[PDB]
Each structure stands twice: as structure tokens, then as C-alpha cells.
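One protein chain, two forms: both are listed below as C-alpha cells, the first as structure 1 and the second as structure 2.
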Structure 1
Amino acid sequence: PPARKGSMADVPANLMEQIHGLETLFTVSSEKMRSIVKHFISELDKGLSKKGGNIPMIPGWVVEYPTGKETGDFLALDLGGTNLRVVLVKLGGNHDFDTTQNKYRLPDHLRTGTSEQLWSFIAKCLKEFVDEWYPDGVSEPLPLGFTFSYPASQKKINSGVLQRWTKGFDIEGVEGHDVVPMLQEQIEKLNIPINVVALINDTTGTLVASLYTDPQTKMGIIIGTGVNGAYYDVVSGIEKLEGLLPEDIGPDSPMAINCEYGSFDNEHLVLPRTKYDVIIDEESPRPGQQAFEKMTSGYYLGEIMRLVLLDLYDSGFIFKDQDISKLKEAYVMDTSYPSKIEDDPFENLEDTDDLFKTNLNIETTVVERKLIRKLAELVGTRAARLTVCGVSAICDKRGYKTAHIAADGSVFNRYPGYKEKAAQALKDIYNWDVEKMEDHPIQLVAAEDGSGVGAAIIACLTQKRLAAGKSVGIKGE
């Protein structure tokens, strides 16, 4: 399925010029990337300081590396917006594992229910799952990792004080409380031999699961509709935890960090924001916030194009004597749009013509379509290039010359040519003298299941610590 020649020899000078103007706006220089990486490390350090920063840099309370020799049965719970997964993970102690999965739909009414309703429903699903796979009981309570990818703060791993709800949830009573004991007493009432040892964020889980199978993993990243990264740091580097750690957690113990860097540069000092980005920010549900995410997330790529085109329409360059109505409404163009445009294998760009005609009732000319394809390539390329800046920041802060980056999320998994973009971008930073992307010192690999397999391995490492009498949080709970 080859790439198109993409000739521009028929494009009128007036558009040819507007295209050049857009390349000026959406190109990120090798040196411009290096300046953002420089400031990124500074903001990473600040997040780990006593003062506080804009990147939260939340400790995940995983204090060991998975050796790959861990064995046993462990449960994982993944709570999404619309449904939960229950995963039984069998660790075979050879960088291998076996999974058994159920998925239960959340009744749409539970999103607005109470505390009791939500937790008892999870409990019922859990009992039902356990009675199927352990119909004769267990010799020992099964440890469970709980993926709760929500704004929460942990003073210890078996805890999760919820700051605020997200993704359409609106349950009262839970906001401002530790959610683990609320789940636990619901598990206990149905007399289920499981035990909630750990509550994690999916990115921490992406880091830990991938490290279990791939010993060269130094970072777990998510590029989807949301954006996040997680890496192992050192305790002696975390200034905000000084004098709060117990004696058994030494200065040379590694600490897993849930960065939550989607908020990098909310101050707007480094990131090359265009007037199109500024409108997206000002019209967002939460203006002034999530600056790095809006620049990198896949959710916004289609919206950028919409405004760019709309701006060119007003200047009378494109879609002359056409019905623009549908292009006027916000977020009508999702990620699928630039996705499909970049995939278009034809010179006349017929897939793009079929898209705009069928979905948006706009009839395009070949030259307009060629401009549209250039737009999508640029927008996609900028995103990938601004993303790797975070990979480079974390690798430079910790002194990783060689790294495997575990990657997940719709944009990494499905956005056309994204891996080739990201690789070329990393090459543009470090200036590697290598011909093949396979031989790159730092590269992106497909992550293992973070919210399932990941939460289980964390349950393993925590049960390992609790059984021996080791600490898993700050002193005095």
C-alpha cells in the first residue's frame, strides 16, 4: 500500500503561497525542540520539589523493578467510563503471563448513582468472576490491583483520595475520600476472598507491565485522547518526600512517577502555539489548562484543521460558492479525518474527496484537496514532534542513552505513519548517525496491557512487600 507521489505542479501560486505560510506555522525546528526539552527537564525537576510545580509528578509507590521471575495468581480491576474489566493474571516467572478476562458494561444510571450503588456493583461482578474460576475457594485471599485512572492523590499505594471526577462520572460522596476502603467493605460484605492491595494509574501500569516482559523499558507513555508519561526515578531525587519516607525505603530505592505532564507549559512560555491553538484553548471546557495535552492529544487534530480551513474560507481562497454550514460546528472533524487524509493512496486524492463530499457536503477541487493533505501531514507531524520532546526530557534527566519506550493509545496504535514520524523526530534531536530506525538508541515499542496485566504485577510487588513487613507509603499512613 505505497505512498503517493504528491505533485504540486498544478497548484495556483495564490494557494502555493498559503501552503508555505502554513509550513512556517506548523514546523518545529530541531533546535526549537531542543529548547523545549531543556525547559521540560526544568519543569520536571520543579514538580518533584517541596515548592511544587505545574507538572504534578505523582509518586506511584512502586519501589522495585519487576525482575521477570515473579510467579502467582493476581487480580486486576480496570474501571473505565462506560465499563469495567476483571483480569486474572497468571505470572509464569519467565517474562511471561496468562490472562483470563471478563468485561462488564456499566449501567448508564450508575454514573449518576450513589457511593453504595457503584461499589456493590463492582463487588457483584467480582464475586461472579471468582465463583467461576475458583468454584471451590482459595487457600489465600487473592491480591488485586485496581486501575483507577482519575485525578487522585496517594500517600500510600493501597489508598486513593479522589480529588475530582472525570469522563462523565457524577457520583456524590466519593469525591474527597479514599476509595479503597469503600470498595473493600463492599467486597467483605459479599464475603469474597480478594484483597485490595494497590490502586494505580494506567500509565504507571503501562510502565510496569512492559518492564516485566521487556527489561529495556525505561518509560511508559500514552498518546491517545489523553496524554501521559511514567518513568522510574530515584528517591534521593524527590525533594518533596524528604523526611516522610520510612527507614526501609532507602535513598537508592527507585520510585515510579506518574508525571501527568499534560499540563506542561500552562504558563505559555515555550510551546509554539498558533492562533488556531489559542481559539481551541479559549473555547475548551477548561481554558488555560492542559496546555501540553491540547498540543499533543489526538482529540484535537481534527479541530485544528477545521479552524484553519474556516480561516482560509473567509479569506476567499477555498470552497468558493460552497455550503460551509457543517464546517461551522465545533468538533465535527475528529481524529479519523486527518487519519484518512494521510492514508489516501491516490494522486487525485479520491478518498479525501469522498470524505468531504459524503460527510461534509463540500465539493473540493484537486488543488484544494492537495492543500488539505499538506495540512493534515503538518498537523500530525507537529503533534508527534511535540510528543517526543517529553520522551527526550525524561531520558535526558535520568541519563538514558539507550531506552525502550512502551507506548499505547489510539494515536500511537492507529494514526497513519505515527511511528515513522516519532522516530524521525527523535533522530532530529539527538542527531544519530544511523540509517535504520530499528537500530535507533532510543525507540518506541508497543506497550503491554497497562490497566490489566500492569495492575496485577503491581499487586504482586506490593504483596511481596506487605507479607515481609515492608513499607508502601509515607510514615504513619
Structure 2
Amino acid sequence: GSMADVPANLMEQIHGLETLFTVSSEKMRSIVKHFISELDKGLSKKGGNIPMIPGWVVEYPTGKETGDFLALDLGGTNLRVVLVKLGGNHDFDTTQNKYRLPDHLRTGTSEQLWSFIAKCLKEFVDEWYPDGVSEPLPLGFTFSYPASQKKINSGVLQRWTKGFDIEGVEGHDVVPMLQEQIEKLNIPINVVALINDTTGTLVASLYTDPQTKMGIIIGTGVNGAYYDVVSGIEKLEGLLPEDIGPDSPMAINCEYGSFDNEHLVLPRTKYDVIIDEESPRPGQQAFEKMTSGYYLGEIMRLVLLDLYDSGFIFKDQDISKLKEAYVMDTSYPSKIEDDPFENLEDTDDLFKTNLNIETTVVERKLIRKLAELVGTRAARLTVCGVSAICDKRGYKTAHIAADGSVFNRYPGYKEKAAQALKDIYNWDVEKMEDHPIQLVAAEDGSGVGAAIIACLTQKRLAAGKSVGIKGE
């Protein structure tokens, strides 16, 4: 609440940061206008900055999908392998194992990555099918990075995101890279489909919630998927086989973490500039860099180090541990917003124990305000992607299936995101559950969604129907 004890000199800095990080309802509406134009440009013949990548899911799941499938999920804190049993009445069951990523995987080689993944797949298959199998197990591969797909079992990596920086993969088809390592270990796996995590979120959540119109991730990254219609995808004109007609649905992985790399509308601050310049891929993922869980603690770190350098805080402290980029992950602002003490004892312990920095009560109130500003900005900017897709497609109502560490775990985040949509549309509604466009907990898109997409894909191929451009 209250700040009576904070000197005027520091209150001026807090007021400057509030100004710098606050996004007005009108600013969200103007961002949304420009976001719609950039979504449409990405579907155009000439293309645009936002990839808008077709995912070759050309139908809705009916709920009657049946059978056992493997899902391989690259992009959680761990690698995950899942055995998914579809039940045939909108029901499923799963069991899974998680595998710790090698140290420095993100800056390692392609060969390291594909060898580690195949090793984990063989461990899983040996554990769950110790007696072997009569036919190759069908697998859906969730690759949580932007990949061009000429057909559903191909994925050519466009750019590493979220800190990744593995040489030899951007511009390469990852499905053959995975397949060669599967073969080398003689694992009986049929890679039926590659999907993005948003596309899986969309499809898995539609299997149990028929009002789903988007699948979004608000986690280590930020992105969304939805279904367009083939007639609305100009860049597919002349490329489609005859069985996929103009009225067919087509799921789109927007990769809208990329939005506004031109820096024409988002309220980038000097802290966002540094994050982008110091990241592995400068010039890329502008919207995600402002919003997602890989970055929110790094925005706080850079603000704190500016306030120190300018003489305002930590004046008598050794701040050496604060100089390490990414040392403050989003668990810092999360714990700070959760601290239930008046004088922020939990925050005191966090800075002393983990950073060796003694704080005053007034400095912890400043830090708490900073965490709140950064989280609120993230929520208000992130729902502009939802508003943009819904306005573009003419959805006045929607369940928006959401997943990811920030939506699920960041204190207060679901309430702020729902308030930001309420503010965009000027609804009168009182309770979150009554919002006409509302975020709801998703089904597991990287596990259950990859399995349903593998199932739908196999059914198409058994029927002789297409799952890629003509000549694929």
C-alpha cells in the first residue's frame, strides 16, 4: 500500500518508472491495431516480420480420437517424453518422464542436442515397452521453436529463441536430424508430426473444451496459435493439393513473440534495449523479450543496477553478484510480490542470501513496486496478441486456452490479464469467469496435443489425404 517513509528523491524515481512501464487502455488498443496489420502481413504473399507458420492441422478434433501415442516435448525446464492414451470420448490418460538438460545445451552443438534427445527416447521406450513392439510407435514431436513446415513431419528451424544458441541448426530440417539419431539407437519410433507448443495447446484444449479458439503460451516464451481458413492464407495460394480446399481450417503457429521487431509501437525502454542488444539474437523476438518469463527478472536486474549506478540504492553494498546477466530469474519478482510481510522480510532474506546485498525497508518497497510494474506491463502487453487474433478473425467470444510458467505461477497474473482484456473492450462484467474473451487453463499441448495431432495425421495418411503442400 503505503509509502510515507520513502524520501521525495526516491519517490521521484519510482514515479518515473511507473510512467515508463504503465500501459494505458488506449495504448493497448493502438498496439492491437498495429498487431492485426502485422498478423495479416505475415500471411501475405510477400510475408512480414511475424512468421505466421501453417501447422498442417486442417480439422478440429472430434473427441472420438483413440489410441496410444508417444509425445516428445522439447522446451520445458526438462526434456519430457510422454505416453498418451486417447480414450475416444474427449478423455485421455498419460504417464511421463522428465530428463535434465545437459549443462550448456543451449550453447552446445547440434550433435549434442540430437544425441541427448535420442538417448532419452530409447530410455523411455525400453522402460515402457521392455518386450519390444510389433510396429513402430507413432510419435508427435513438440519443437517449441519457430520451424517452417512444407509438410507436417518437417520443421526447418527459423531462429533460436529463449536464450538458445546451438550452431548448425538454424536453416536445417530438424526432423531428419532427430530421425538419424533414433535410427542409430534402433528405437522403433515413427515420427508422424512436428508441432509447435501453441498448436498443441490449441488442439488438446479443443478436445475437451469446444469453445477454445486460441492456444497460447505465457511462459519461458510468449506465442499463440489459432485456426484460420485456407482462403485467408494468401501465401498458400497455388501451393495446396486439391483435397485441402478454400474453406478448410488451418491451424497457424503465429510466432507472435516476434511482433514489432521494427520498434514502431511497443513502449520499449532503455532496459528493453539492453536486453535485446545483449541477447543471443539481437533484433529478434521484441514482444516476447518485453513480456515472457525468461526476461522479467532481467528487466528488474537492469533497473536495479541503473538505480545503483545513478547513486540511489544499495549505496554501501558490494553489488558484484548483481552484474551477472540473467542471475535474477522470474522467481525473484514472484517471491517479492508474494512476500506477505509489511516490511518485506522475505525480500530481505532473498537479496541477502542469494545476492549478498543488504537492503533498507524503503529500498524493498521500491523493489516490490518495480516487480509489480514489470508484471503488470507484461500482462497488458501480452493480451494484445489475444485481442489482435480475436478482432482479426471476428471472435467476440472465445475461450483462450493458456499455459506456461507465467500464466500458471506468476502471482496475480491471471487477474491482471483478465482486467487488461476488460479494459480493451470496456465490458461491465464483474467476475473473471464471465468475460466474453477469457483465458482458461489449457490441456497439455506439448504432450496430449502432439498425440492428438499425430492421431489426426495418421488418419489423414491412411485415407490418402494431404498433410503438406502439393508435391510433398
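In this text, the rigid core denotes the largest set of C-alpha atoms whose superposition between the two forms falls within 1.5 Å. Quick note, the numbers are simply positions in structure 1, starting from 1.
Participant: Fit the core first: which of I318, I192, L355, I372 then shifts its CA by 2 Å or more between the two structures?
Facilitator: Correct option: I192.
Participant: Relative to the superposed rigid core, does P287 relocate between the two structures - that is, does its Cα move 2 Å or more?
Facilitator: False for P287: its C-alpha shift is below 2 Å.
Participant: Just checking, between the two structures and with the core aligned, does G72 shift 2 Å or more at the CA?
Facilitator: For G72, whose C-alpha is compared between the two structures after core superposition, the shift is 2 Å or more.
Participant: Superpose on the rigid core, then tell me if the C-alpha of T147 is displaced by 2 angstroms or more between the two structures.
Facilitator: Where the cores coincide, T147 still shows a C-alpha shift between the two structures that is 2 Å or more.
Participant: What is the Cα shift of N228 between the two structures once the core is superposed, in angstrom?
Facilitator: Its C-alpha position differs by 1.5 Å.
Participant: Rigid core superposed, I'd like the Cα shift of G137 between the two structures in Å.
Facilitator: For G137, the alpha-carbon shift amounts to 9.5 Å.
Participant: After fitting the core, how far does the CA of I405 move between the two structures, in Å?
Facilitator: For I405, the C-alpha ends up 0.5 Å from its position in the other form.
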